[PDB]
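S.K.: Sharing an experimental structure here, sequence included.
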Amino acid sequence: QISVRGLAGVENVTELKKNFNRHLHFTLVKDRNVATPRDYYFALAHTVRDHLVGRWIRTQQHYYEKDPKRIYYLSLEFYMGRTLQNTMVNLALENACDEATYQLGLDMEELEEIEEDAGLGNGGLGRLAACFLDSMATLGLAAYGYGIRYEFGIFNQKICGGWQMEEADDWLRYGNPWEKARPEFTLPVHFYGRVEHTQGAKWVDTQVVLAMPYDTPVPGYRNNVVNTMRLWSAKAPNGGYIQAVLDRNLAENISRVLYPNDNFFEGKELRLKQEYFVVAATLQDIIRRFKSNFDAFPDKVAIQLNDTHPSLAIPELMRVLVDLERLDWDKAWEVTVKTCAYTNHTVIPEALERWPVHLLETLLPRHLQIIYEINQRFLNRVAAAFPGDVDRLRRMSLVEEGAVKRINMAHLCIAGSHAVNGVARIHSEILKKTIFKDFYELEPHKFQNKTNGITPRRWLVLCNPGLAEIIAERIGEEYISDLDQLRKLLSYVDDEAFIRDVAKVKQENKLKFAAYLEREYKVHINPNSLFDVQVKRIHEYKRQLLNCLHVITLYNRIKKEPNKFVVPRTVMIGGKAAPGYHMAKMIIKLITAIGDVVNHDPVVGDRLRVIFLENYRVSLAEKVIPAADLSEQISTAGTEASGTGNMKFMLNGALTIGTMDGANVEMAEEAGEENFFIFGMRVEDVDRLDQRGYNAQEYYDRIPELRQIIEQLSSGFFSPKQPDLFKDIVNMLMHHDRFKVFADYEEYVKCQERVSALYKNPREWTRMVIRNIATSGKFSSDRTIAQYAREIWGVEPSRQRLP
Amino acid sequence: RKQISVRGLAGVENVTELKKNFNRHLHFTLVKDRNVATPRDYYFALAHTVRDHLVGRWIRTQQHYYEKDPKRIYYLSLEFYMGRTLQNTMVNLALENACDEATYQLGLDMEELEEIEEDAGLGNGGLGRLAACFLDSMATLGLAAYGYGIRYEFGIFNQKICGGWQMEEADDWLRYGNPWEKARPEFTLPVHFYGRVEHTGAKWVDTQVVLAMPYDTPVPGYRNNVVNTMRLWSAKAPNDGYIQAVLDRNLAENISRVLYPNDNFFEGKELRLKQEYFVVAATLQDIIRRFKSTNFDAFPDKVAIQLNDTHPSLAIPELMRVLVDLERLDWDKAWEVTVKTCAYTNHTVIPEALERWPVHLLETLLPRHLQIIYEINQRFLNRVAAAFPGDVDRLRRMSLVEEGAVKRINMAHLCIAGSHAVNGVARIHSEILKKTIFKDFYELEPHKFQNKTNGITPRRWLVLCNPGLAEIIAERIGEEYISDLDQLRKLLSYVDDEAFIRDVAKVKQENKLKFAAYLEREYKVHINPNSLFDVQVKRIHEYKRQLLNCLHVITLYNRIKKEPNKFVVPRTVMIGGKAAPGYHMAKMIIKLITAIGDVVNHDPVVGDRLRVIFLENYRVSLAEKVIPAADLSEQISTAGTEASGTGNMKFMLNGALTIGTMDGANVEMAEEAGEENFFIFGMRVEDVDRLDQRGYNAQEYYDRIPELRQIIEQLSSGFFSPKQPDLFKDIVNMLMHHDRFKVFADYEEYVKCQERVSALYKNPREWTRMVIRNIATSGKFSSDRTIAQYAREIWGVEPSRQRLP
Ligand SMILES: NC(=O)CN1C(=O)[C@@H](NC(=O)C2=CC3=C[C@H](Cl)SC3=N2)Cc2ccccc21
Ligand SMILES: NC(=O)CN1C(=O)[C@@H](NC(=O)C2=CC3=C[C@H](Cl)SC3=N2)Cc2ccccc21
Ligand SMILES: *Cc1c(COP(=O)(O)O)cnc(C)c1O
Ligand SMILES: *Cc1c(COP(=O)(O)O)cnc(C)c1O
């Protein structure tokens, strides 16, 4: 019962027990005779949830009266993970529930493993939305997350014979205690139809899909604040009879499943429908809440667009103000731009949403007309500021010409937003300098940086309570909602006990993850090895492939000199591949196949293990990240906007090996470059290399160890039953590699040698770790959010506790 | 008020605790307060408050069964027409007055709250309401009984009347979340479909799997502390491009999507067949699971499977399949267990009702079951052959296999062969089964054939829907009659009692004002409450003859027009019921009713003397409102078409006199009451099949009955559809030439009989005394008496109304 999980006071513990028993009986209709482990999880979940209620009501009532500006974070994704521990942490209930359950004869962490992940996003962008909700409640902001209640979230990944298999993430199977259906605020959303023009346009003859809101509570850190995440579910409105009833399914498919498209644009109509569906229901809801004139609307409303996915909020808001509220165009436009702000999360051109004009015409005719009008007026502005610059107009247009004419939704976002932010300092500079150069020159004021962050509740206190406690023993608990106070730990770098303690905590965390693997997959790793972890979505740009070349280097090095001591490593790679990304699925197969060889070679044994961590998701991040020694963050310079997994490893006691890319650059600046394992090409070096043309063959012909690996790849060493299985990886690396894996091979491998050298010295490893944890405070999402609040949304955060 | 004796004790301590928990639920369960709670939130808070009182009894009851290990009764039905649960739960736990006082003190009218609840309309009509009455009675009689069926997402369609026509809306009854169900996800089971048969014995492989997830609804008995279970299965795709595959989960899940609105009409849809196997497979796995908590010799001593019609007939081949292929019993042994476990209830004699699945469809969907059926059939027919040697035509007739262009399996024959007992649902029905419909089977196995006359629960169909009637009865004879309905016989000694006569007429009148306030409030339909309420509510079929009621209504109109100054007993004629969505004829009949109303209700000469009104969306909750308001119960099916009926019994119990034919359970109602107390007209069974032998000619009646000939000419000419004058050409043609149900044959006697109805209505003392003579003898038609018979005569269990601790 560590101090940071609070007090287990006698009375409180007794009332919790009574209440657990009450819910098990009345809510779950069980007694001890026939209660399932799931029943006990649900009994605890309800007990804890009861403690949210009064605060939820009191919070929402207090906003209605204080009438503060309201913040609407609009996102296609909210990667929330589990809720039970988080609620307990934020309500200071953890120790008192852990003791209630003990006394009832139960292991509460066993009960916590029963909870399904709320996996309603893909990775970085969606988890960022989740951390943001957390931080906004902690900083007392009148904030709402708005999104889709997908029936199926990010697919569960199963590894079968070394390959990714996808299964439906049926996360709602048993019922969700942490949502509250609000069918009373159900709203109609419109599709197809056509437009008539007269004292204005009227969108008629539409098909209707109902949007039914489900509310989830979002508790702040011990401040008695509970904000709301509102997620919309699709409902049909109210051959022959039977087929008609079954065809209700088609409309309800809109909220069925999360598109597992991570930083890649697919152009599916059903995707477009999802985007409009969230956008229309949400805006109606915002407008209903504002009327409780529209001059004051941007004074009472901020809409933040998480990437371009909710971009139709710009034309939807215009459509509502102009056709329904009957405002004049320019006043409606003025209101829209002051309301709306856009976050860009990637520079990768294949990520960019470019909707076919034909498709928008059919589904959202009135919106397509508004987009053209917006385009017309915006380009008139470009023409006036830069007269006769024809190619600029072409480049900046919301309309892209071609065989298939498209709308570029990023450009629409820029046009319709008073602020455009990137998500780390270098990424935001890249936008001004390159990607959005033209827009920046027209409207330099628009462009901002907001470096990403993570919540220190889920990402420290919850997942690594032991680290949290040894920090709190030295500096108290204030840091948990004011993470810059972590700097105080720098005064402890020569403290013998703190050094011992930091290493003991990592050891216990490593032991813990080892038992997890042993228990759930019958997979044993040795906890007396350096845990080398690369967890994140499988993409070429993230270069799991560069990591693979490293592992094979380590293996071939052992085979060359088998009697030479090497620092034993357990190299763990984890993450999901998009179901239509051939090359990414081939990378998963490669990792397991190296695994198949390295793990069964008797000359290696325990000196090196290579394991693919199945089903990487938020709850698994919570387990592996506190156990990591080395955080792999090796994207090609310029390709990773920010990254947030990087911040998580820093906060939790791993040292980072990485490029100067995304937020890695800021992490290294906070900790000191001396305390970081920076390697490889900078953005300038990649550009110089693109100016001369990248020739992977040059690296192959002069780097002996790289040539050996590639010939093992092509020849069948890592696939003896199917010797040509990796011909596509080899061909891509040698002739079509957008991300220049070979260009960073040498420096990466050398820098890995330094990591190992440092690990042979446990005291200096630990001191360096302390210098990293100590400087991670900047990567709190409370800092990120305060910045958004003060520089974009025009509100002031407060951590002041509610009555 | 209101707070009457039969509704129990509103105790101070109980009322204060109920109000506390209501407010707790409003806050913690519903996340509301008084400022913003909706009238629906208030329904939900009450529903949770009441539901809580079921839990101790439910856990205790099911634990009692596990310890005592009684024979378990599994009532298998594709339908359970349960209606609403909140009032029935309160009635059965003696909580109504306490909750009405609690909600009263909270500033809430409890009746207004009840009216928020959706019907659970998981049935069509008689068959499905019968299953619901039976679950009620089985819990009141302390049987260890489970009803097993499908949780359809969409029950029986909600009917809207638009332009005088039926329109069908999805019955999205789970919209706001169902508090009277408990998901039982640990008991999820896999059901297999398609695949093929392999041989090592036999083995069914390469199947597509659909998960069956159980939802349990509590079934409280009448003040005995017993709470039984209705377990309903929901379809769930298993968890093994990508986007289309996730969406294609919809296909499997469609199995539990929607109740087939076919009322006595076999349509032969593969989707229907999947529903039938879905329930059967999950249920049977569950039964076997619970039994093993393996010697199957005792299996029939611990399990009864009652088949509500043939819809769950696959229960026979499935039990064989599990016992032979999975449990490796030998075939003869498995058969003896099956037969001894199963019993079959037939609900109608109409040939189009009958399920005959094509062999091609069973082959593909259920290949092992078709083999097991052909093997079942072979040994049945070897027995038939050994009993009646040389009778080749009798082999053809009794075969499970029907020959033809399209080869089919007769599921009724399957049911007879595989059941130790086969029953009809009213005396005259069970005899028509032995003497004709299943004549050959009755000759082979006379021991098998029984009667079980239908019943209705007097909880929902008296105490719930007509508390005033239950109260004036209780004042005279006490409250024991609620679960021992034959005690209503004591009221016969009150047929001359002036205060009882007065009281019965007072309750009827009060129920009439009530129902007229309902039409005024919910629609804007005006009806005169000092008119005779003439009510025909039931599913719309040619065989019920809403059309013969129609000819009578027009006769009355035309009688008034001929003699406008002649007094006539004022009437509000009400017809209600749903048409099957592709039955063109039943839809046309609904339209004709509204059109007759459009003329009659608008003719200034008529006004309040005769109104013709179509009751929209007839369903269990409407029946509870209108049946207590009825003065005359129309039960006019053609002789030998209506197996039993149960609405008939409802009207009898609630104080309506009955005009009907000597068909189904009408025969027994007139015999319990005395036929002098019963408005009987028309052809008997003899007279129908007598008339089928000589050939029925409807033109012969028309040529001789001038008032009938004026009606038909109003129809054809367009008097009742001046805008579309030939709108009703189809109905005239059918009546003139293609009437299977002999509408003109009974018209003369029906109209005459109706004159006796009116003549008696003009004598309210004697109207009322006849009513008393009817309520007093309604006892036989309690489903308590029905279930007692099923238990002793079929299941081998003794019922008990002893109270559980
Ligand atoms: N919301 C509805 O419209 C009505 N309703 C419920 O609210 C449902 N309560 C919840 O879901 C629920 C209460 C909560 C407190 C939280 Cl802090 S989170 C959360 N969720 C119970 C229920 C049971 C059966 C039918 C309906 C309902
Ligand atoms: N479905 C489960 O296994 C767990 N679970 C529930 O069963 C749900 N209680 C009921 O449905 C429920 C309790 C009842 C008493 C009755 Cl007498 S009837 C009835 N029904 C509360 C809940 C809330 C949120 C998530 C899950 C759940
Ligand atoms: C934080 C996180 C991410 C993002 O990690 P990156 O390394 O920045 O790509 C993706 N998935 C999960 C489950 C995470 O927790
Ligand atoms: C009782 C009942 C029936 C059966 O009525 P019959 O007249 O016997 O066909 C049909 N529907 C409902 C709603 C009923 O309650």
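M.R.: Nice, I can see it. Numbers count the residues shown, from 1 in each chain, chains lettered A, B, ... in the order given. Ligands and ions are numbered 1, 2, ... in the order given.
S.K.: use CA for all of it now, contacts and neighbours both
M.R.: Noted.
S.K.: how many neighbours does whichever residue of the stretch 501-650 of chain A sits closest to ligand 1 have?
M.R.: For the stretch 501-650 of chain A and ligand 1, the shortest gap (CA to the nearest ligand atom) falls at residue A:619, measuring 20.7 Å. Neighbourhood size, residue A:619 [other CA atoms under 10 Å in any protein chain shown]: 19.
S.K.: do you know how far residue A:582 is from ligand 2?
M.R.: To ligand 2, residue A:582 is 38 Å away according to CA to the nearest ligand atom, to the nearest Å.
S.K.: mind checking how far that residue is from chain B?
M.R.: The gap separating residue A:582 from chain B is 13 Å, by CA to the nearest CA, to the nearest Å.
S.K.: One more: residue A:520?
M.R.: 19 Å.
S.K.: Over to residue A:477?
M.R.: Residue A:477 is 31 Å from chain B, by CA to the nearest CA.
S.K.: rewinding a little: I figured the residue of the stretch 501-650 of chain A closest to ligand 1 hits residue A:81, correct?
M.R.: Yes - contact criterion CA atoms under 8 Å: residue A:619 and residue A:81 qualify, at 6.0 Å.
S.K.: between these two, what contacts are shared?
M.R.: residue A:117 (CA atoms under 8 Å, 6 or more residues apart in numbering or on different chains).
S.K.: dump the residue contacts of the residue of the stretch 501-650 of chain A closest to ligand 1.
M.R.: A:81-82, A:117.
S.K.: Go through those residues and flag which are in strands.
M.R.: Applying DSSP state E to these, the entries found in strands are residue A:81.
S.K.: I'd like the distance between residue A:427 and ligand 1.
M.R.: For residue A:427 relative to ligand 1 (CA to the nearest ligand atom), the value is 38 Å.
S.K.: what about the strand or helix carrying that residue and ligand 3, any contact?
M.R.: Using DSSP states H and E, residue A:427 maps to helix A:425-430. No - interface with ligand 3: helix A:425-430 contributes nothing (CA under 6 Å from any ligand atom), its closest point being 13.7 Å away.
S.K.: Give me the packing partners of that helix, helices and strands only.
M.R.: strand A:447-449 (3 or more CA pairs under 8 Å, 6 or more residues apart in numbering or on different chains; DSSP states H and E).
S.K.: Quick one: distance of the helix or strand just after the strand it packs on to the chain centre.
M.R.: Counting by DSSP H and E, the next helix or strand C-terminal to strand A:447-449 is helix A:465-475. From the chain centre to the centre of helix A:465-475 is a distance of 26 Å (CA atoms, centre = their mean, to the nearest Å).
S.K.: Can you give me the neighbour number for the residue of the stretch 251-400 of chain A found nearest ligand 2?
M.R.: Closest to ligand 2 within the stretch 251-400 of chain A is residue A:256: 19.5 Å, counting by CA to the nearest ligand atom. With neighbours defined by other CA under 10 Å, the count for residue A:256 comes to 22.
S.K.: Could you do residue A:413 as well?
M.R.: Neighbour count for residue A:413, taken as other CA under 10 Å: 29.
S.K.: mind checking the SS state of it?
M.R.: helix (DSSP: H, G, I helix; E, B strand; the rest coil).
S.K.: can you pull the contacts of residue A:723?
M.R.: A:714-717.
S.K.: Next one: it from ligand 1, what distance?
M.R.: 55 Å.
S.K.: Could you pull up phi and psi at that residue?
M.R.: Per-residue torsions, residue A:723: phi -60, psi -20 (degrees, to the nearest 10).
S.K.: can you check residue A:294 too?
M.R.: phi -100, psi 10.
S.K.: One more: residue A:749?
M.R.: Per-residue torsions, residue A:749: phi -50, psi -40 (degrees, to the nearest 10).
S.K.: What degree of burial does it show, as a neighbour count?
M.R.: A count of nearby residues for residue A:749, using other CA under 10 Å, gives 19.
S.K.: Thanks a lot, catch you later.
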